[PDB]
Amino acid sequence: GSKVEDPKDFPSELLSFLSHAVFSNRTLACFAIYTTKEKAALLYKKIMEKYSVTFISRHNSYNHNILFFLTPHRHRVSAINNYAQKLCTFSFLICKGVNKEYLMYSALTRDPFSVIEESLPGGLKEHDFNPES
């Protein structure tokens, strides 16, 4: 059952990068979703369409997957979560706002994580999280 089998949070390696105030009124434009591989593969396209994302990437996380995305306008975390939870009503799903957007994405590119697919060829680099010059 879920209490025994499901993760209750993101992997510990990533927690310092996230907002844990999942009910906050402070809107954001960078989010992460932790879920099953089956679900993450479907959600990748759905998120991309629903939120007209500037950028999305899907990452391996041992048996499971993580989505990382950036939106053109800001949203409450509870809004993103509600959309994601209602699409598929089986299995776990953890949704959190990302405070350290570069560090998050960058860690998701390296052991124990890796990129499965992303919406821009070559992905992102530290430069892209600096102001445009």
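Whichever C-alpha set is largest while still superposing within 1.5 Å between the two forms counts as the rigid core. Just count from 1 along the sequence shown to find any residue number.
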property: Divergent stretch in 4 other deposited structures of this protein, 81-89 or 95-103 [C-alpha RMS, superposed by the core]; result: 81-89
property: Greatest C-alpha divergence in 4 other deposited structures of this protein once each structure is fitted on the rigid core, 59-67 or 27-35; result: 59-67
property: Higher-scoring stretch by recorded Cα B factor average, 98-106 or 59-67; result: 59-67
property: 83-91 versus 28-36 - greater average Cα B-factor per the deposited record; result: 83-91
property: Third of the chain's Cα B-factor distribution that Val115 belongs to, per the entry; result: middle
property: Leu15 - Cα temperature factor, lowest/middle/highest third of chain; result: middle
